[PDB]
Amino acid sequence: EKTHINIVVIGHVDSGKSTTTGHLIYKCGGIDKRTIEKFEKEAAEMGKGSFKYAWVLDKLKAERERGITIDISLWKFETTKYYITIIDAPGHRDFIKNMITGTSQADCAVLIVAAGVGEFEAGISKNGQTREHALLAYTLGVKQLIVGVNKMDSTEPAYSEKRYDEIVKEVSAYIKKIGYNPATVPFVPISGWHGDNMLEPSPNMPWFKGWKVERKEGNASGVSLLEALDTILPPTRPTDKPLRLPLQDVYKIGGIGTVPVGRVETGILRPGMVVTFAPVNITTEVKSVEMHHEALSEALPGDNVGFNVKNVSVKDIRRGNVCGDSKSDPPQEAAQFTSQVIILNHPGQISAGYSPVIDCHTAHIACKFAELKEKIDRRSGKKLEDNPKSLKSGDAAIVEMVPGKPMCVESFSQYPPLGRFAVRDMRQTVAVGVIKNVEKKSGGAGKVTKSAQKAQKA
């Protein structure tokens, strides 16, 4: 009955991700006591770990690898308004692959940050993953973020407010440059080990009056980490976004005219709009829309609809073109885009200049790997090398890409269905990525149909 919410837990190594997640699983009662003792005993019989709470996240990472998920109810807990599943975490081989491919899709990210002397400054430095994980979460469109300032018991003095305020000020400034509004992000001081302020206020922090978030969708306030999880906003239906309609096919139909066919990915398409076709840059009014050969009054996201457009021939638009309205951020041609990729099994060496085909939404266009900007570690997202010379299997990377033919692609944080792509080479998928930013082409006003000229004159 309650809505389902997926959580990913991020943060620098040894910041307390495992301890905090497992303690949350213990305290929220999704696992009975006998089952916990069975799994604590099994972890000890493996020799490894035997820390408290540790087996929970180590078991999750191991079961998020190649293969299936058989049951995930061990990492699902219930709050007052949400079923919440811990879907993934960094520190295992297929982490970045799951994030990029979207097999692990998160509605919110819990960023753990350690508060001990040295621990915080290490994760927030250039060598640390706090900023890298935050940027990765933003790159994937996880635009809800909870920051748990962990290990408050180990500050000097213990449970230090001065320390907590310092961490909030510096993390806020960094996530602000990344793209987050730090006024929407709750900062919860906690102790994953002892449990302080996870399910209820901690007697050890009477100075903490609570966190607050401001947002157009309604302000919220609370004290515990669990309260912060209840302020997660549901999956934003893309009806609010501008129109994006990648064309699947374009038919000519006797009597009617030209009718492209596609799934509406963002926004609404209703008859009478003055749409713009990228990357060809044509602009027309749509005469009608039809779904399942019956006419529709408006086409919300998800519908496979064909639509009748005026004065445009079939040789003028193709499968792979993107359709959006000219009233609300019309799609432009992509001049180049940077993206984050994961290199899949492929014995060869990818160098700069490697030109493969790029399946992106309904488009299918050869691109050039112009630069290899960064070499990323796939187990954690950690940056390994600036401007690498080549990439091999199992590597992740940031690359700039220039298409060899006109192409319309979007940033994945903005329009997800147009920002995830596959890299194919003959009958082999060699890489998959998500688009970081796309520098749009100069262009200008495209050729406007007689029908579109009449609409924009009343």
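When you see a residue number, it is the position in the sequence shown, counting from 1.
In this entry, 384-392 shows the higher mean Cα temperature factor of the pair 115-123 and 384-392. Averaged over CA atoms, B-factors in the entry run higher in 244-252 than in the other of 224-232 and 244-252. Ranking 211, 307, 82, 164 by Cα temperature factor from the entry places 307 first. For the set 434, 9, 448, 24, the maximum C-alpha B-factor listed in the entry falls on 448. When the modelled residues of the chain are ordered by C-alpha B-factor, residue 262 sits in the middle third. Sort the modelled residues of the chain by CA B factor and residue 194 lands in the lowest third. In the deposited entry, the Cα temperature factor of residue 287 sits in the top third of values across the chain's modelled residues. In the deposited entry, the Cα temperature factor of residue 379 places it in the lowest third of its chain's modelled residues. Residue-level temperature factors show residue 53 in the lowest third of its chain, judged at the C-alpha atom.
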